[PDB]
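Novice:
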Amino acid sequence: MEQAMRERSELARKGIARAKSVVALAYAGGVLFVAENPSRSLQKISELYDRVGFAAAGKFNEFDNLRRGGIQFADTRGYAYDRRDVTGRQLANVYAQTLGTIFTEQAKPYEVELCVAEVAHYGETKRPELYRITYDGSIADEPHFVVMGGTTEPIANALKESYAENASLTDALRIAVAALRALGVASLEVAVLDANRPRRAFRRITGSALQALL
Amino acid sequence: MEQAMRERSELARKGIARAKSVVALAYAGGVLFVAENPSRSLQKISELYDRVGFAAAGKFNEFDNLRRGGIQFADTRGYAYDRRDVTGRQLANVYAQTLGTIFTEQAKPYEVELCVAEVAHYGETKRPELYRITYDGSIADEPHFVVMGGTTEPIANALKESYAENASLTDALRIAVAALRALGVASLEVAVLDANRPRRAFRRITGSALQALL
Amino acid sequence: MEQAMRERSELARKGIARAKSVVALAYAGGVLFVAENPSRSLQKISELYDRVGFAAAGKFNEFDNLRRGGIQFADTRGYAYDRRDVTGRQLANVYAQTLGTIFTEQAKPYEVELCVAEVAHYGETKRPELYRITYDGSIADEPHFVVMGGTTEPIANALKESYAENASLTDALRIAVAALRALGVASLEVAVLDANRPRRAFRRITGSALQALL
Amino acid sequence: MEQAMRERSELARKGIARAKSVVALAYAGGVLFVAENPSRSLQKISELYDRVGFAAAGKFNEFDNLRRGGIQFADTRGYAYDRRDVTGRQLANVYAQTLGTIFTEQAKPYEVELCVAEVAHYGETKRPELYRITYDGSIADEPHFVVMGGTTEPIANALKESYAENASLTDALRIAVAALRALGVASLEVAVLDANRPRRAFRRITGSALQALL
Amino acid sequence: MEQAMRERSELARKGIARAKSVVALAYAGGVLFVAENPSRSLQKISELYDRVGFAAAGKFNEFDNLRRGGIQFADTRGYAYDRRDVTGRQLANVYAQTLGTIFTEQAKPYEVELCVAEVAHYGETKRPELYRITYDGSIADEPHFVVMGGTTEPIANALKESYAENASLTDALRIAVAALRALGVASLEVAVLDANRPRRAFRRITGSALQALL
Amino acid sequence: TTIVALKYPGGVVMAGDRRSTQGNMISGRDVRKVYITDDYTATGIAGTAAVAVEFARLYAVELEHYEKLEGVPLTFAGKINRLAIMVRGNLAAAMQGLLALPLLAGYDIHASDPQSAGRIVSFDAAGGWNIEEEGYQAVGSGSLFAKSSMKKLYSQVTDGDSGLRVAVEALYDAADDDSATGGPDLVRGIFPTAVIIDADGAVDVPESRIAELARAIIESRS
Amino acid sequence: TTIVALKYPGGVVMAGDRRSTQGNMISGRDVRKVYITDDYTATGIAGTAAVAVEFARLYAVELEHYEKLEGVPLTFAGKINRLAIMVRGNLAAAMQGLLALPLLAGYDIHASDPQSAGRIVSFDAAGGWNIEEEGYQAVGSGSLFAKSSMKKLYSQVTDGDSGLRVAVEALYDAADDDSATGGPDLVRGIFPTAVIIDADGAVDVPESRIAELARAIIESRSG
Amino acid sequence: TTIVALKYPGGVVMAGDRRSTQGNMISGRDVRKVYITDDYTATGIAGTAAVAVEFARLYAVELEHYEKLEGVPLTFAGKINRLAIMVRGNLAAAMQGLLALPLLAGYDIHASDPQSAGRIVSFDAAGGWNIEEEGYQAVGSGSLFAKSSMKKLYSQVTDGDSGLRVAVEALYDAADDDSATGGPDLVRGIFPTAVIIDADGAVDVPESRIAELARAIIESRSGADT
Amino acid sequence: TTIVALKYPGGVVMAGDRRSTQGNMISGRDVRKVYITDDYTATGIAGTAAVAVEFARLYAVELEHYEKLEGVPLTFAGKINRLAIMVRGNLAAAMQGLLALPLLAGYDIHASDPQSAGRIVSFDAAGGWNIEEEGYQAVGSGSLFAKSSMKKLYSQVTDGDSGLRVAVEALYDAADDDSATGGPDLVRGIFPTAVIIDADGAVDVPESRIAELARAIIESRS
């Protein structure tokens, strides 16, 4: 089966490489999500829980399934225990377990790459956390940024070059959009995990407001 | 039949070979776990029960599954009988059985290698026990140390050379780290089963605590 | 499927031939079990019931499964009927049926060889019984001794040459350890079915007691 | 699937041809079973019900399964209806159906050949009945004798030559043992269905009794 | 899958061609069944219901299964509705469906050919009905006679030549036995569905009576 | 309801009345309660109508089902066992008021002595059975009167004819003392039904012969 | 119903009456309540008829079933356990009124001392069992009367013959004081049934011998 | 049975009596009803013995189970929820008479203000829970008497030591008025048990300290103090 | 029934009476209620006979089952838990009247201080357990009388011998005040049974020694 898993890995890798790109960056404000997205209504960035966000690249129906699954998991846990007990690390761990099971047992692997991010609770000091989960369930935490989908090399290099820790929202956005180029309101999906919010940190930046930061 | 088993055996072995390394060493105060681990929150060393610890090399989602399964088993046994009835030999046995089943019946074999360790109960004299369970369910207990993941030969040789029975925590760390080199706080995961603890022997060494030893 | 049966039989045969060896010998005091075993906690010799013992060669997780299954069977029968109704023959028979099923229906054959032995009940005269069950469920009763695991030929002959009926424990032990050579306390697992015991005939011979015998 | 069926037939035929031989002969006093059997405790001839007996050649674990299955069937029928409603024909019929199923569905065919025999009830006149069931579920009733296992040709010829209807027990035994030669108490298993018995017609002939007859 | 179907058909056709022959003939009395059958106790002709009969050629254990299945079906329907609601057409239709399923889904096709026959109820006028169901579930109703098993051509030709509608029992028997030759009481199984029977039309003709008819 | 059975030299006879009641009201006059269940057995059933018919019908099916599967009929012991098991199966329902009890009459073709091969077997609600050894038995609301009558008349039984007469008279006595059991109805021409079983087999007794017996009994007591 | 069992030197004897009642009405006069269940055991059962017959029949099947499967008979302890488990299985039904209790008599071929190898075992509705150590036991509606009689007569038991006599007399006393237990019927010629078990196995006692015993008892009390 | 808990500046204390009764009969004198369930929590349980021990044992297992699986302990809210859910699971049995109610005492390490990080939570048979805001709580046959006593004495609580004294005195008052609650046994030397929890974690209070408190209370009410 | 257990220096003793009753009637005189369940434990059970025997038998099997599977015996705490769980398993049946309660006596080989390594554990119907800290315990219809007796006698216990005497006397007092508990039967020669457990393991006390104790107690009170 050496070739079996070999072929499954190829199929997924190709699908993802063929998809549009997404980046997540840590900034003084919180965490910033920027994705190439032409669609008006189909989303690749999403809230999961109070301080936890989600971004994906690849086949939409597949990462949307995982998005819903994550929300289900997060809401279920917060109710069985408490809201404060749900963490981005817990969600990343469950996505790893899930993709791993999908990768080896599903008829076809999921052609997706996920990012789970978490910011501090209101009034706390805690470095943002970024987790990247790939199609085979491999998982990695990143300190500063995550790039997914399409040809990531140029984008990651551009970030590795221009990325500054604790940049403002505007500077972070510009850095991100530029790295992505390696773009206007109509082709971008933007949102942040705003650590300054009391409970729900996730907020989308759209239309005029998004224009203002460009 | 015979060929298929060989291939599953090849797939698992290669994966284990490709992963980062881990060592466990018996020492005067208990057992020391040292693993190459860049991650801030993803762990390959863990508590299982009062006097029992766990370390793994290989695919994270897979050994994390086994970690959780072990904890489930231990806590259940302890509750159904008594805490003192849970042993490292017992856990090793159950991992052997589990991995054996996984290896022959799962869609893909688990690319993992496990170590289960146990130290004496508080105020008792009992040599630490080290068990190594491989991907096919094969099991063996080592007197002095266990090496898992990546290229083990140089590491095992280095240990076979520098290993002293009943070394201090500091000396054991040096031997361990060095053997691994064949690595700063930021790239190491360290923990011990401290036989001097009253009940829960497992304790992580990180940051400043880790610094004193290095 | 003729080829498939051929391959399974080869897989098991090749697996046991790679394992450490074990002998069981009828002796003046009962049955003696001697196995090459470096491990201190992992066991290949075991009690099954009052007058019935078990020894195995091969893959540990697999023969340990069978060991536990046997104990389950024996304890259940004894409870449903009476203790005196459990016999070595009965257990050997059930292992034969079990391994036969495993050999033809499991994903992989069990790489094991087992010995079931029985001695007389306290104060009775009855020749000890030795049964050997192989990986395909074939079963044979032996009058004097059983050899399992690794390269059995030299051991069997070394035994067929030196074996004396009704030898003392010490003589039996040396005969056995010698036949095996074709080994100190630290590399041997030893136990007997002691017909002189009132109920539970199984007793291990370890440490100082075993040393004085070698 | 024509090839698979051919290989299944070939495997079973070979196994049976490799096994020790057994004969059943109708005689004046009932039916005589004689089998080559070195074992002290493993049996290939057995009681099934009041007037019904069983003999088998081939793989022991497999024909012992069928033995137990038949006894289960007989005892159940007798209890659900009446003892007198259990017949050899009935049992032969159920073995045919069972082996047929096993031959086509099981992972590996049973390497066995069965004989079911029945004698008259006490004080009745009724020719003994002998049924032979082969590995594929084929069934045949024989008037005078049945030969199973190993190389049957010479044995069947010897019988075809020396067989006399209504021979005495001693003459029948000699005829049988001789036909088999084409053996002392220690290598023979002997039993009869004794039509002269009030209810349970099955009785073994062992040790001195058998020795005296030989 | 064209070949697989071809092979299954071939296997069944061969098995049936290798079996002993059976004929069923309509006559003034009702249907007549005559089969080549050496056996004293194994039957290939049977009573299915009050006015319905069953005959089969091929592998005994397989057609006996179908015989029992049909009796189960008939008795159940009769109980569920009314006896008079059970018909030959009904049973033949159920056999077609059953053998169709067996032929495509069983591990091995059934090597059987069935005849279902029905005569008028007492005091009614209704042509007998003969149905022939083959191994693949194909079904055909015949006006005058049915031939199954072995080499049917010569037998069918002989019938096609000497068959007379509304023949007497003795004449029909002779015609049938002769067609079959292309035997004595000891090698024939004979039975008839007797129209001039108030409820159960099936009756066997054996021993002295059969001889008289001959 | 009353159902009687008695052994005579060479066979057995079973007879049953025709009445059904709903409380005090007569709800039926022609109920048939005695069924031939195979060539050598008959079953008479007292109690819940729905259950009684099921028993007789299913039992006869079961007997012939065995015969057709196995090529031979059940032994008599086997026939008893199957009926007992069927009755036990109804225990739960019987405890809810759906209670019916069979009486089994048969001729055992495998018996040593054909003179006494007749069999009568009674059953309780839990599937208990008893092979009657005293020559007669009865079940139903009038069974006590029927048996106290047979106790006095049974000595007159020397053949099938006298056996039948005594059975009909026992039924008559049951109807005389039990309002839930119906006597011969001369106005409507409805009489008890009966089955006789012997070496030849089980056969229905013609109404005309039972009518004649009834008239003789009636004349005798006038 | 009354069933008695007692040990004598070398064996055991068990006897039972023949009566069944439906309330006050006598519903049977020839019921057999004592069954040989294997070569060395007999079971007598009091209570619900349907349950009693099932027990005896199924139990004997189970005993021989084991023997055929395993090549050897159950030990006596095993025989006890299987009967107990079977009784326990009926507990639910027994609580609904389908209650039956076995009395087990046997000869243990594996016993050390053949003089006292006789065994008597009683059972309760939950499957509890007791190996009787006082020499005799009884179950059924007349068991008290039978035991109080044996209490006085047991000293006369020195062999199988006297053992049988005492058993029959205990049954007689039970029938004398309990209307649900039947005494010897001299008019019909129906008597209690009995089984004797010794080293040669379990055998049915001939009616003629029991009849003779009954007549002697009767003559003795006429006086 | 009586179990009391109260908050003092910097922590919380929980104490329970030692008695069990079967009707009027004293069936036990040394029952321990207060269990440390993790580093920062203790559970005291009144009601059916079998159910009480199950709760404490299983709950402690569950807490540590989560910690080992997830690498971090449940938040205090989570610990409350899990206990409540466990209690609700027993509702059916409780309605059959197998009723037991826990009282939960804890120190919330994540609380803003460490002075008031002590927590007391009560539970009803249906899994209802309430975080106590009035400083103290009690459960069991003597809980009314204990609470009416604490109502008067609570103003004297200014530290762990006085908190412990008030808890022991409330138990004393409960035993004084409720025959199903046991007072200090000076003859046998058996006393109520107690746990104190602060920033350094939950610890068992030494019997000797409780004995000393009991003696002072006793002497104070004799007038031997005077 | 009465079953008593008490700790003495170096071990523990358990003793039980021999009586069974069915209402007022004495139904047994030789019932054995105290069983050695492993090398270092004994169980005495009061209540429903069928349940009591099951407990002792199954419990002993379970203990040795664990030892054979795991190579080592359960800790004493584990032995307690398993018994408790087994008792809880019977709760439903116990509520239907099949109630039995075990008393557990043992010697903990892992205990620090061998003088006080004796253990006595009581159990309630729901699986509740209590490790006794006052030195003795009793269960059954006479357990109150036995404990009131031991309360006065326990100070005399200084060794196994005196422990045994106090246990037998407590049983004697139980029998004296409770008709469901049997006293020594000097006519039949039947006495309470006892087990002693110390560092050398659990052993049955010879009948002769118990008989001697009984006679002394009797003479003492005459």
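Residue numbers (the entry's author numbering), protein chains in the order written: chain O, 9 to 190, 203 to 234; chain U, 9 to 190, 203 to 234; chain 1, 9 to 190, 203 to 234; chain S, 9 to 190, 203 to 234; chain I, 9 to 190, 203 to 234; chain J, 301 to 522; chain T, 301 to 523; chain V, 301 to 526; chain 2, 301 to 522. We put the CB at the ideal spot given by N, CA and C, even for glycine.
1. Using alpha carbons as the reference points, say which of 103 (chain I), 212 (chain I), 225 (chain I) lies closest to residue 34 (chain I).
2. Taking only the alpha-carbon atoms, compute the straight-line gap between residue 450 (chain 2) and residue 467 (chain 2) and give it to the nearest angstrom.
3. Please return the same chain residues whose Cβ sits closer than 7 Å to the Cβ of residue 46 (chain I), not counting the five positions on each side in sequence.
4. Would you call residue 117 (chain I) buried or exposed, if buried means 16 or more other Cβ atoms sit within 10 Å of its Cβ?
5. Taking the alpha carbon of residue 360 (chain J) as the reference point, which residue from 390 (chain J), 325 (chain J), 323 (chain J), 404 (chain J) has its own alpha carbon closest?
6. Given residue 460 (chain V), which residues of its chain have a CB within under 8 Å of its CB, disregarding the five upstream and five downstream residues?
7. Please report the residue range of the beta strand (DSSP E) in which residue 224 (chain U) lies.
8. Could you tell me the distance, in whole angstroms, from the CA atom of residue 224 (chain S) to the CA atom of residue 337 (chain J)?
9. Using C-beta distances below 7 Å, list every residue in its chain close to residue 415 (chain 2), excluding the 5 sequence neighbours before and after it, in chain order.
10. Taking 6 Å as the limit between beta carbons, can you name the residues of its chain near residue 86 (chain 1), skipping five residues before and five after?
11. Residues in the region 416-433 of chain V with C-beta within 9 Å of chain O's C-beta atoms, listed in sequence order?
12. Less than 8 Å between the C-beta atoms of residue 62 (chain U) and residue 78 (chain U), yes or no?
13. So, is residue 422 (chain T) buried or exposed, given that buried needs 16 or more other C-beta atoms within 10 angstroms?
14. Given a cut-off of 8 Å, decide if residue 438 (chain J) and residue 446 (chain J) are closer than it, judged by their beta-carbon atoms.
15. Which bits of chain T does residue 465 (chain J) rub up against, with CB to CB less than 8 Å?
16. Looking at residue 115 (chain S) and residue 6 (chain 1), is the spacing between their C-beta atoms short of 8 Å?
17. Would you report the Cα separation of residue 353 (chain T) and residue 58 (chain S), rounded to the nearest angstrom?
18. Taking its Cβ as the centre, do 16 or more other Cβ atoms sit within 10 Å of residue 381 (chain 2), making it buried, or is it exposed?
19. So, do the region 141-149 of chain S and the region 97-112 of chain S have three or more beta carbon pairs nearer to each other than 8 Å?
20. Starting from the Cα of residue 371 (chain T), find the closest Cα among 92 (chain S), 65 (chain S), 51 (chain S) and give me that residue.
21. Give, in chain order, every unbroken run of the alpha helix (DSSP H) that is at least 4 residues long and sits entirely within the region 153-188 of chain S.
22. Put residue 133 (chain U) into one of helix, strand or coil per three-state DSSP.
23. Going along chain U in order, which residues have a C-beta closer than 9 Å to the C-beta of residue 134 (chain 1)?
24. Measuring from the CB of residue 413 (chain T), is there a heavy atom of the ligand PLP at a distance below 7 Å?
25. Between residue 483 (chain T) and chain S, is there a C-beta pair that is closer than 8 Å?
26. Residues in its own chain within less than 8 Å of residue 477 (chain T) by CB, not counting five upstream and five downstream?
Specialist: So, from the listed chains and residues:
1. On the fifth sequence, position 26 is the one that residue 34 (chain I) refers to. Nearest option by C-alpha distance: 212 (chain I).
2. The residue given as residue 450 (chain 2) occupies position 150 in the ninth sequence. The residue given as residue 467 (chain 2) occupies position 167 in the ninth sequence. Roughly 8 Å between the two C-alpha positions.
3. The residue you call residue 46 (chain I) lines up with position 38 of the fifth sequence. These residues qualify, in order along the chain: 207.
4. In the fifth sequence, residue 117 (chain I) corresponds to position 109, counting from 1. Under this definition residue 117 (chain I) is a buried residue.
5. Position 60 of the sixth sequence, counted from the first residue, corresponds to residue 360 (chain J). Ranking 390 (chain J), 325 (chain J), 323 (chain J), 404 (chain J) by Cα distance to residue 360 (chain J) puts 404 (chain J) first.
6. On the eighth sequence, position 160 is the one that residue 460 (chain V) refers to. Once the five neighbours on either side are set aside, the close Cβ partners of residue 460 (chain V) are 308, 310, 311, 313, 496, 498.
7. Here the question's residue 224 (chain U) lines up with position 204 in the second sequence. Per DSSP, residue 224 (chain U) belongs to the beta strand (DSSP E) from 222-225.
8. Position 204 of the fourth sequence holds residue 224 (chain S). Position 37 of the sixth sequence holds residue 337 (chain J). Cα-Cα distance, rounded: 43 Å.
9. Walking along the ninth sequence from the start, residue 415 (chain 2) turns up at place 115. Only 309, 310 meet the Cβ criterion.
10. The residue labelled residue 86 (chain 1) in the question sits at position 78 within the third sequence. Taken in chain order, the residues that qualify are 94.
11. none
12. Looking up residue 62 (chain U) in the second sequence gives position 54. Looking up residue 78 (chain U) in the second sequence gives position 70. In contact: residue 62 (chain U) and residue 78 (chain U) (Cβ atoms closer than 8 Å).
13. Numbered from its first residue, the seventh sequence carries residue 422 (chain T) at position 122. Buried, by the Cβ-count rule.
14. Walking along the sixth sequence from the start, residue 446 (chain J) turns up at place 146. Walking along the sixth sequence from the start, residue 438 (chain J) turns up at place 138. Result yes, Cβ atoms of residue 446 (chain J) and residue 438 (chain J) sit closer than 8 Å.
15. Numbered from 1 along the sixth sequence, position 165 holds the residue referred to as residue 465 (chain J). Chain T residues near residue 465 (chain J): none, gap ~25 Å exceeds 8 Å.
16. Nothing in the structure corresponds to residue 6 (chain 1), since chain 1 is present only between 9 and 234.
17. If you number the seventh sequence from 1, residue 353 (chain T) lands on position 53. If you number the fourth sequence from 1, residue 58 (chain S) lands on position 50. Distance between the alpha carbons of residue 353 (chain T) and residue 58 (chain S): 21 Å.
18. Along the ninth sequence, one-based indexing puts residue 381 (chain 2) at 81. The residue in question, residue 381 (chain 2), is buried, as its Cβ has 16 or more Cβ neighbours within 10 Å.
19. yes
20. On the seventh sequence, position 71 is the one that residue 371 (chain T) refers to. Cα-wise, what sits closest to residue 371 (chain T) is 51 (chain S).
21. 160-170
22. The count along the second sequence starts at 1 and reaches residue 133 (chain U) at position 125. Here residue 133 (chain U) sits in coil by DSSP.
23. For the purposes of this step, residue 134 (chain 1) is taken as residue 126 along the third sequence, with counting starting at 1. Simply none; closest approach about 34 Å.
24. Here there are no bound small molecules, and the ligand PLP is not part of this structure.
25. If you number the seventh sequence from 1, residue 483 (chain T) lands on position 183. Judged by the 8 Å Cβ criterion, residue 483 (chain T) is not in contact with chain S.
26. For this step, residue 477 (chain T) is matched to residue 177 along the seventh sequence. The answer, listed in chain order, is 442, 445.
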